[PDB]
Amino acid sequence: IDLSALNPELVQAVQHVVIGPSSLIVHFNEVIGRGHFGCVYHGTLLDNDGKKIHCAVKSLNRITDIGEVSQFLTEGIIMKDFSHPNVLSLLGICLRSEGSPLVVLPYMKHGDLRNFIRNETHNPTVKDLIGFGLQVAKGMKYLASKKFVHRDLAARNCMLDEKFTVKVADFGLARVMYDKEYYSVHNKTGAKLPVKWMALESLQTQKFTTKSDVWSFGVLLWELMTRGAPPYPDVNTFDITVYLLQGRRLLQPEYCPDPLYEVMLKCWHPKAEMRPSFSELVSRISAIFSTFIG
Ligand SMILES: C[C@@H](c1ccccc1)n1cc(-c2cccc3cn[nH]c23)c(=O)[nH]c1=O
């Protein structure tokens, strides 16, 4: 990657996001995870006093050309501003002269939320599951306040830290600014569209908004209440649009309380403008959660 060809204003603006070998040790032989985007390694970040911070280092192996690198730096500036207890922070990025760009994130002791709830050795209560959903709603309320449209909200993209605090995050492809580019990149790399989490209007028009993130949030609540069941497992991705157009939705999970399933149905309202906001979802889910004992 030719770092000398970048826009000098953009280089100045992104400097506060860049971290390098003076503080970060990437443990390339200790792999946390492997995805279609690249790999996630254990990393160590040292502060000025020599104190060690455990981190996850996501390698975005597909970012190579100047336009992709510039868009990566712009996304790092946007996400470096994130500060919320239910949003995974960006510690920094690495733009090396040799190797792919790196995203440095706080290490998440308990991994992704979908894996946690699906594991038969774990026993989260119905109250714990609603609590996870409420944490996701708070993180999404913060992101929505920044006009940040997630597009890929699903239980597998929320992480659990050492205290079981849920952090909204993104372990998918490199984030793009424009919806047209999001579709173009998925087609070019083979990366899967998250069809079964997408709002009806996103499937038909190829556009995403905070109102389509509310639809994905409803699917995420359903994943929580089923302990990670795959949504519409029996509906082919190419038949999902007709299924939604018939007025059909994900069925009420056995352990999902009625008021919470009513919240899910409101998230999947066919008219995007009629869906609740993330602020209304936080208020409503807090009220439901307040009636669970434990
Ligand atoms: C901060 C966090 C996040 C993302 C979304 C919502 C809440 C939190 N985060 C950020 C990146 C990321 C950082 C910098 C540049 C790029 C470019 N693509 N992704 C970037 C990532 O890979 N994973 C991830 O979890």
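In terms of the entry's author numbering, the sequence shown opens at residue 1053 and continues consecutively.
Ideal placement from N, C-alpha and C gives every residue a C-beta, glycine not left out.
Length of the line joining the Cα atoms of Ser1149 and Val1315: Taking the straight line from one Cα to the other gives about 49 Å.
Tell me the DSSP bridge mates of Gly1090? Beta-bridge pairing links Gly1090 to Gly1087.
With a threshold of 8 Å, establish whether the CB of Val1218 neighbours any heavy atom of ligand 1. No.
Under the rule that 16 or more other beta-carbon atoms within 10 Å means buried, what is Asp1265, buried or exposed? Within 10 angstroms of the beta-carbon of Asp1265 lie 16 or more other beta-carbons, which makes it buried.
For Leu1212, verify whether its CB is less than 8 Å away from any heavy atom of ligand 1. No, the Cβ of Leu1212 stays beyond 8 Å of every heavy atom of ligand 1.
In whole angstroms, give me the CA-to-CA distance for residue 1024 and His1174. Outside the displayed span of the chain (1053 to 1346) sits residue 1024, for which this structure offers no information.
Own chain residues within Cβ distance below 6 Å of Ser1254, not counting five before or after: So the qualifying residues of the chain are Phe1260, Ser1264.
Nearer than 8 Å: is that true of the beta carbon of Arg1227 relative to any heavy atom of ligand 1? Yes - ligand 1 has a heavy atom lying nearer than 8 Å to the Cβ of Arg1227.
Please name the residue, chosen from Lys1215, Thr1343, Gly1224, that lies closest to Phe1089 on a Cα-to-Cα basis. The shortest Cα separation from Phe1089 among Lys1215, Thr1343, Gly1224 belongs to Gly1224.
What residue from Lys1179, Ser1111, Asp1164, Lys1323 has the CA that sits closest to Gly1299's CA? Nearest option by C-alpha distance: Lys1323.
Please state the DSSP three-state secondary structure of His1106. Strand, per DSSP.
So what does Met1211 bridge to, in DSSP terms? Answer by DSSP bridge pairing, in chain order: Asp1164, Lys1219.
Tell me whether the beta-carbon of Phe1184 lies closer than 9 Å to the beta-carbon of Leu1276. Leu1276 is positioned such that its CB atom lies closer than 9 Å to that of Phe1184.
Per DSSP, what are the beta-bridge partners of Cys1146 in this structure? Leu1154, per the DSSP bridge assignment.
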